[PDB]
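Positions of Cβ are backbone-derived with ideal geometry, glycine not excepted, and every protein chain shown enters the neighbour counts. Rule-based calculations on the coordinates, nothing more; no lab input.
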Amino acid sequence: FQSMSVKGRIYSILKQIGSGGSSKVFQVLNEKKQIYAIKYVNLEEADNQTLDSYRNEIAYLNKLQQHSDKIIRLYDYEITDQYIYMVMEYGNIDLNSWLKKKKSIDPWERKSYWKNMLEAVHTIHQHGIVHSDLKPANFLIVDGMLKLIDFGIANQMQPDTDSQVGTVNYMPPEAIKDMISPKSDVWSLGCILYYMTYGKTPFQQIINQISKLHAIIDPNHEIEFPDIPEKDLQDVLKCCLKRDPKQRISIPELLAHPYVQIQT
Ligand SMILES: c1nc2c(NC3CCCCC3)nc(Nc3ccc(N4CCOCC4)cc3)nc2[nH]1
């Protein structure tokens, strides 16, 4: 039966959607019984660099929403030396949970979601952000439209009440080779669309974690692309999962691709 105040306005808490490390997100109602999601971040043990990172996420998100409506709407925020309250729009469900429940995705809906994702990541790229660690969980379904909730800075968020994929599965090869590019996100997006298309991520079948990394980077490992009705889609997946960034398709190319632009 808890409640919370953000910028002079009081919000009753219905339940906790999920928590990741030093942050929590709640389903809340306002004064006029309108629904929102409020993110609470605890800064008490957050280091100087970590504070600066959270500052950046708010700053960008605050600006970016004015450009595109495929980035989560932040209606209001409150920020102090010990806490952050972010009042965002409420979404029905994160994509990762939705994808776990949907054993088969509708080809039309997949295609729509893909266009929603592309528009979102295109917008962050245009403002000089490479998300780098892109996941399905970074996308939120609000009224049949995917929206980008998280910019990948210092996130550990899971829902808080089977778990097939690992953390590494969507990661680019260059990031593993690193020990950079907008096209690094294109690889990650590619894996999301690949999961939606074939039911698993490209390297899910690999048992061992050590070798799974080595498998991603290795050019002599070939990825499966079983034939499907949409020969467009099959091209997009291949084009996204080409290991070399220079050859790998760019976001603007993906937008003018037939899959996105051609009606069937
Ligand atoms: C801004 N930020 C938001 C969310 N963040 C969540 C943070 C934890 C991981 C999932 C996303 N969830 C939102 N909605 C959800 C509603 C129900 C959800 N669940 C239903 C399925 O089982 C898991 C919880 C998950 C997210 N809305 C939202 N607006």
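Which of the residues that make up the stretch 216-244 are under 21 Å from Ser181 (Cα atoms), surrounded by fewer than 18 Cβ atoms within 10 Å (Cβ to Cβ) and touching a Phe, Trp or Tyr at 6+ places or on another chain (Cβ under 8 Å)?
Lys238
Of the residues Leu213, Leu237, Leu254, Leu233, only one is outside any loop (DSSP other than H, G, I, E, B) and under 19 Å from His125 (Cβ atoms); which?
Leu254
Under the condition of being assigned to a loop (DSSP other than H, G, I, E, B) and within 14 Å of the ligand (Cβ to nearest atom), which residue from the stretch 126-143 is farthest from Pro245 (Cα to Cα)? Step through it out loud before you land on a result.
The initial filter retains those residues of the stretch 126-143 that are assigned to a loop (DSSP other than H, G, I, E, B), namely 127-135, 143.
Of the ones still in play, those that are also within 14 Å of the ligand (Cβ to nearest atom) are 135, 143.
Working: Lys135: 19, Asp143: 34 Å.
So, considering only residues that are assigned to a loop (DSSP other than H, G, I, E, B) and within 14 Å of the ligand (Cβ to nearest atom), the one farthest from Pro245 (Cα to Cα) is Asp143.
Name, by its number, the condition in (1) touching a helix residue (DSSP H, G or I) at 6+ places or on another chain (Cβ under 6 Å); (2) surrounded by 21 or more Cβ atoms within 10 Å (Cβ to Cβ); (3) among the basic types (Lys, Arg) that does not hold for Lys177.
Only one criterion in (1) touching a helix residue (DSSP H, G or I) at 6+ places or on another chain (Cβ under 6 Å); (2) surrounded by 21 or more Cβ atoms within 10 Å (Cβ to Cβ); (3) among the basic types (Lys, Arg) is unmet by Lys177, namely (2).
Go through the stretch 19-52 and give me each residue that's buried (at least 19 other Cβ atoms within 10 Å of the Cβ), within 11 Å of the ligand (Cβ to nearest atom) and over 14 Å from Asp76 (Cα atoms).
Within the stretch 19-52, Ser23, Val25, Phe26 meet the criteria.
Counting just the residues of the stretch 168-210 that are under 12 Å from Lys135 (Cβ atoms) and hydrophobic (A, V, I, L, M, F, W, C), which one comes out farthest from the chain's Cα centre (by Cα)?
Within the stretch 168-210, the first condition is being under 12 Å from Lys135 (Cβ atoms), and the residues that meet it are 168-171, 185, 188-189, 191-192, 195, 201.
Right, trim to hydrophobic (A, V, I, L, M, F, W, C) and you get 168, 171, 189, 191-192.
Working: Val168: 14, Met171: 12, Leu189: 9, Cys191: 12, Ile192: 9 Å.
Here the residue is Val168.
Let me confirm something: among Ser163, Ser211, which residue is under 30 Å from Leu61 (Cβ atoms) and of a type in the set (S, T, N, Q)? Show your work before the answer.
Values: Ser211 fails: under 30 Å from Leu61 (Cβ atoms).
Unique residue meeting the criteria: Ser163.
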